[PDB]
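Below is one structure, written out as structure tokens; the observations come after it.
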Amino acid sequence: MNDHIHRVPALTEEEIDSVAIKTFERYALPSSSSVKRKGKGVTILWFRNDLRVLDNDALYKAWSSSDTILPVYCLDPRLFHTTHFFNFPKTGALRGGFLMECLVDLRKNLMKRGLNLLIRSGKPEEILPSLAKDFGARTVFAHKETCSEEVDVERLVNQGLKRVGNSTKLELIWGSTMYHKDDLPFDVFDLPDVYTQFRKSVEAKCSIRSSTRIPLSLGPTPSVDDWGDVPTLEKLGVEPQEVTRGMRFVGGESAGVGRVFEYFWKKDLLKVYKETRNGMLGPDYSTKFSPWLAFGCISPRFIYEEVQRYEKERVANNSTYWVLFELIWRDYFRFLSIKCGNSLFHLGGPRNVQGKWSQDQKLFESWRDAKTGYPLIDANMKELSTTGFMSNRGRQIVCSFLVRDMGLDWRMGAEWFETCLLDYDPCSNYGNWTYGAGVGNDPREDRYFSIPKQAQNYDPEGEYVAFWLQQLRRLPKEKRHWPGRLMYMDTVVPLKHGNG
Amino acid sequence: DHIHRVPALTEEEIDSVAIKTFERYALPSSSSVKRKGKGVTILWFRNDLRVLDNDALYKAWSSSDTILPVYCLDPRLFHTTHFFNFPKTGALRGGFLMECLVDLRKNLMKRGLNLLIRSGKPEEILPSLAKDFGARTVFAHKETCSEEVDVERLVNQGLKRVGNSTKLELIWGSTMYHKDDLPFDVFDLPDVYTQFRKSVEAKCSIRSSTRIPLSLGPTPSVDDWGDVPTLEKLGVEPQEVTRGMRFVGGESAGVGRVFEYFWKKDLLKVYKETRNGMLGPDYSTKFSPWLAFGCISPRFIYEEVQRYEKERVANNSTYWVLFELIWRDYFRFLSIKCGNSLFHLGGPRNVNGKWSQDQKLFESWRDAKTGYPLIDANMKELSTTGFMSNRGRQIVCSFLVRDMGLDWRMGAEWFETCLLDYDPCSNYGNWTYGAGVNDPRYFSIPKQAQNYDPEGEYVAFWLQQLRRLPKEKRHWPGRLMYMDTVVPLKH
DNA sequence: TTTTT
DNA sequence: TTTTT
Ligand SMILES: Cc1cc2nc3c(=O)[nH]c(=O)nc-3n(C[C@H](O)[C@H](O)[C@H](O)COP(=O)(O)OP(=O)(O)OC[C@H]3O[C@@H](n4cnc5c(N)ncnc54)[C@H](O)[C@@H]3O)c2cc1C
Ligand SMILES: Cc1cc2nc3c(=O)[nH]c(=O)nc-3n(C[C@H](O)[C@H](O)[C@H](O)COP(=O)(O)OP(=O)(O)OC[C@H]3O[C@@H](n4cnc5c(N)ncnc54)[C@H](O)[C@@H]3O)c2cc1C
Ligand SMILES: Nc1nc(=O)c2c([nH]1)NC[C@@H]1CN(c3ccc(C(=O)N[C@@H](CCC(=O)O)C(=O)O)cc3)CN21
Ligand SMILES: Nc1nc(=O)c2c([nH]1)NC[C@@H]1CN(c3ccc(C(=O)N[C@@H](CCC(=O)O)C(=O)O)cc3)CN21
Ligand SMILES: [Cl-]
Ligand SMILES: [Cl-]
Ligand SMILES: [Cl-]
């Protein structure tokens, strides 16, 4: 396989810059004298989880409705407080570091287009109105978000701008999804409660829009005395962390488009994606696009166009389709977050299921700290805390284990994923947790995963567990799955099914 | 005949009062706001059938040099109810709607505009008009519930299909407190009304009503402004009010009733004392039918309350009218938070109980043959007038759910057919609340009869056979004097 | 019913 | 906890 730490993408920094230039050139708006800018005044572009220049409608609209743009990112102190119910760190060190890399790359890429990124630490509803006043901005453009916390910030910013006068308007633009909200065959209040019904409808009745093309010249900015430093984690009360084993994701749009190139074109792996996507070990088994999608470093419309080109130039098969099937799951949970609102975060979930659930700290800590006694579980939980990533197969398994085998309040698992995952997204995280916990609005199915069966089918040689739990390396297949207590450790709970 | 027009003003008195109200609130001139070169716009009316305090109308006017107002008679409005298939719009509300449209056209014409009336789906009508007239924009008020928001989607996509350029602009209205001014996003709306009320009263201001110029013209050149469709064309047999309150449709009549209730009769200052009554126009504002169609707005009502508090009296009753309008806002915002759970058997909380849909039981409730005078008189008033007292609505809801054990949506859908003031937010909001399937309650029929109809005058008015009887037997008559009871009382 | 003893 | 045995 290779026992080195695996950079994602694995491209050299010079390969990344070359691919980035070619990609930006391929999708560039071939000049635009037709767009009228003169006399349109100053605008502020407020970045959140859309840290890219490519295929960015908020940026396009800001540019087309102004003569001067002030791009701004606010490091919101609330991002580094604690989680809602159980008070874990709101943002763990690994995602914190990924965010900083995203910001460094965004500033660099904006500079290539005649702009810069203003960085400030503080609450957007305090920073943005002050900037709008100082620079005389007519508008603040930003992407629309869906969940409670984010929409509350939108309200506070809008009310803040109002409080300094009329004129300055907050303009929120839909983004994030492969299928556009406005193009759906239903309002989101009537979103089907079954995914298959949603997928069939959009596939039959909708089209995917082309990527928005962005000009190579986006300047000028206003005259700014201090563009601000990239913040450091220590200032935010977070101890920096470096990956010591496994995958080391690299933040930013440049690296993100680099990974699309790497996975699709250089390694030619898209043609077998459906075959390998239930793997757990290494970068090759799946796209690994999720951290870049969560921060908006890349966009699904861009990915879809790359898939289209791959299908023309190389091959179209069930694997080239399945990547889109999975991006449609991302769309679904995004839209479902609007339909469900805060019931997405409640114990009973969307259908308000009753009864039970332990919050035993000792049990939870054994799951969190990879000390359950089941190698399959512990390896996954160790991968998570070490790298900020876990395989899709692993996420499903550790969810079932915590809910069903341990009997724990599922929100303890969801909030720990919120702390740890580079790709943390409230819609996808709480969506999949409620789905896996059996508290979604989807019809009743008892989705119990057998740990022994999962180990045999998806880690048949014990390669995955041996990688993360190196004391198991010397053992053959069967002991890797079931090592026994002295070699490994005690089991904290019995298994509900598939032998105790 | 014992028929009471609401308001009790002649058509000419209504005109006089409306003129004075329009002039009081008129925007004094406005050459300042420039219009020239701004092109054609379409104003799409739905349940906002007024000129006063209309932000959709003002924005359409300020962003254009020419305005085409349109109302579409949507055929889906005259199909059937969702679960139990009663008429989607009953004859009495249908008649009220047509009167509102005639008045709106009149009031728009007096401002140099007109009203284009077409029968059909907005998503088919509006894009065609946009294209033919070269409209840059279609302005309309934003709605909150599934059916209305689906029409918004279909119109938007229909405009995209003719081309880019033509944009649908949806404006928040309807409420006393503005959505954008709330101290929380609607996803975090308090599940208890009292917390909502205390929050908005402490942290929000009520905006001044939007003032409208007296001259709004011109319109485009239009060949046929369209006739008002008859109820018979739409598959509804006309119905007249044969007894009780006869509400008069339109903004003019609505502003007339505000004048009548507040100023002519001076009743606002006792509103809280009288509001649990059931007989006659005097006991409450009776604003609801005009509010439901948007013939009047709560910001205008608040401005009239302020003036009354200055020119007449301020006390607990003058406040209480605002308290109740805040309930209207709450259910509107709750419709967004709850979505379609507002219409489901289990409600927002998804309660799992057991509920009969027995057709025989439901019909004795519907047709005022329960054998309980208080219940039957209220149900008769509803079917005869399209209105029922607030006190009555609470009682008949309690009776249907708890004494008869019926699926509450049967009663909610019957209200949807009959009520002049039908509003999905307020109706299904109040039914879920009353049925105990709300976000956060039994009525004793005998107690209610004694406390809110002591002399039996209400039941006697609607139930002719009780009129001869003394109050003792008006409360509890019996089989021979009235009829048998279809179910016993739970308590 | 995406992925599930 | 609008009105509530
Ligand atoms: C308990 C649990 C929690 C999860 N939390 C998150 C989360 O916080 N953020 C997140 O992005 N995904 C989450 N997922 C979904 C999924 O596991 C990850 O998106 C996936 O593992 C990322 O790896 P990849 O990019 O190589 O995925 P691929 O298999 O290559 O899929 C391609 C893309 O499709 C999307 N996708 C794939 N599967 C899902 C899915 N199950 N739900 C939604 N989108 C999907 C992602 O954008 C992903 O990048 C969660 C799943 C579970 C079971
Ligand atoms: C089962 C049930 C169903 C209802 N259905 C509707 C409906 O479809 N449409 C509707 O407008 N009202 C509905 N209501 C609320 C209320 O009964 C009526 O608004 C009221 O009777 C109208 O009479 P009024 O204008 O004279 O009220 P007033 O006592 O004079 O109150 C003034 C205004 O405040 C508002 N208001 C008062 N009470 C309520 C309330 N409980 N909920 C919301 N707003 C209120 C109304 O806009 C009303 O016009 C319902 C109540 C119940 C119990
Ligand atoms: N990025 C992100 N955005 C979020 O909105 C979010 C997360 N992450 N992670 C988990 C938290 C928890 N979420 C919650 C959980 C509960 C309520 C809630 O119950 N609110 C009440 C109203 C206010 C109150 O009384 O607390 C409700 O009735 O909905 C809201 C948001 C928001 N969640
Ligand atoms: N004016 C008005 N507007 C409405 O939206 C409305 C009324 N009146 N009167 C009652 C009906 C019933 N309402 C309903 C009831 C159920 C769903 C519903 O359950 N929809 C599904 C998705 C579509 C489906 O599967 O049927 C859902 O999951 O929410 C929607 C609207 C809309 N209601
Ligand atoms: Cl976008
Ligand atoms: Cl308005
Ligand atoms: Cl009467």
Side-chain angles (χ1 to χ4, degrees), chain A residues 192-200 274 277-280 286 321-322 324-330 332-333 391-397 399-401 403-405 428 431-432 435-438 440-443 445-458 494-500, chain B residues 190-198 272 274-278 284 316 319-328 330-331 389-399 401-403 426 429-430 433-436 438-440 442-452 489 491:
Chain A
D193 279 348
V194 183
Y195 165 85
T196 297
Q197 296 172 23
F198 168 79
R199 175 184 62 76
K200 287 181 178 175
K274 190 180 180 180
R277 62 168 287 277
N278 307 104
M280 299 182 289
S286 68
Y321 167 74
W322 210 260
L324 304 184
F325 177 95
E326 295 298 339
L327 292 168
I328 294 169
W329 269 105
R330 179 174 171 278
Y332 183 65
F333 285 124
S391 68
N392 179 249
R393 183 47 52 155
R395 295 185 211 201
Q396 295 173 83
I397 295 165
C399 168
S400 177
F401 184 84
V403 170
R404 296 162 198 280
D405 297 289
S428 295
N432 277 282
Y435 189 92
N441 258 321
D442 50 303
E445 192 83 34
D446 183 349
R447 307 192 175 284
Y448 181 89
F449 286 68
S450 163
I451 274 56
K453 185 180 174 188
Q454 294 302 303
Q456 178 59 43
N457 293 8
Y458 301 106
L495 296 175
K496 285 267 170 255
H497 310 289
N499 299 201
Chain B
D191 284 335
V192 179
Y193 164 83
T194 298
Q195 300 307 120
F196 169 80
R197 181 186 57 75
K198 287 189 182 311
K272 191 178 175 183
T274 62
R275 60 168 291 278
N276 305 115
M278 304 188 293
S284 69
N316 246 305
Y319 165 80
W320 211 257
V321 70
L322 307 182
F323 179 94
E324 294 298 338
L325 289 171
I326 294 175
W327 268 106
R328 182 175 169 276
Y330 183 63
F331 283 125
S389 71
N390 177 248
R391 180 46 51 160
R393 295 185 211 200
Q394 294 170 84
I395 294 164
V396 299
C397 169
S398 182
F399 185 85
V401 177
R402 306 203 169 75
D403 296 296
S426 295
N430 277 281
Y433 186 100
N438 49 304
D439 299 65
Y442 181 86
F443 279 70
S444 172
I445 272 55
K447 183 176 169 188
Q448 299 299 306
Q450 181 53 60
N451 290 192
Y452 304 110
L489 296 171
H491 308 103

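Throughout, protein chains are lettered first and strands after them, A, B, ... in sequence-line order, and every chain is numbered starting at 1. Hydrogens, waters and symmetry mates are skipped; everything else that's a heavy atom, side chains included, is used.
As rounded to whole Å, 19 Å separates atom P of D/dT2 from atom CZ of B/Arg393. Atom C1' of nucleotide C/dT4 and atom CG of A/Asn432 are separated by 14 Å, given to the nearest angstrom. Between the OH atom of A/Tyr195 and the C1' atom of C/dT2 there is a distance of 7 Å, rounded to whole Å. Rounded to whole angstrom, the span from the CZ atom of A/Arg199 across to the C1' atom of C/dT1 amounts to 11 Å. Between the NZ atom of B/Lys198 and the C1' atom of D/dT1 there is a distance of 11 Å, given to the nearest Å.
Residue B/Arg391 has a polar side-chain atom (N or O) positioned under 4.0 Å from OP1 or OP2 of D/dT4. Taking 4.0 angstrom as the limit, B/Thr194 places a side-chain polar atom (N or O) nearer than this to OP1 or OP2 of D/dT2. Remark: B/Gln448 is in phosphate contact with D/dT5, judged by side-chain N or O atoms under 4.0 Å from OP1 or OP2.
When only modelled atom types and interatomic distance are considered, A/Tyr448 and A/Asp405 share a side-chain donor-acceptor pair under 3.5 Å. Side-chain polar atoms of A/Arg447 and A/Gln396 form no donor-acceptor pair below 3.5 angstrom.
C/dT1 shows a glycosidic angle more than 90° from 0 and is accordingly assigned anti.
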Can you list the steps and then say if A/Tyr195 with A/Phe325 is a ring pair (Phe, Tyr, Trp, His ring centres under 6.0 Å)?
CA-CA 11 Å; A/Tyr195 165 85; A/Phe325 177 95; 5.4 Å; yes

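How far CZ of A/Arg277 is from CG of A/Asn392: 5.0 Å, rounded to the nearest 0.5 Å.
In this structure, A/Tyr332 and A/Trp329 have perpendicular ring planes: the angle between them is above 60°, well past the 30° mark.
Interface remark: the A/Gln396 side chain does not form any donor-acceptor pair with the C/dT4 base, using a distance-only criterion of under 3.5 Å.
The nucleotide whose nearest atom lies closest to any side-chain atom of A/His497 is, among C/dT1, C/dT5, D/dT2, C/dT5. The side chain of A/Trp322 lies closest to C/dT2, out of C/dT2, C/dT4, D/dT5. Of the candidate nucleotides C/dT5, C/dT1, D/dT2, C/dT5 has the atom nearest to the side chain of A/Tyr448.
The aromatic ring of B/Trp327 is stacked on the base of D/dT2, with the two ring centres less than 5.5 Å apart and the planes inclined by under 30°.
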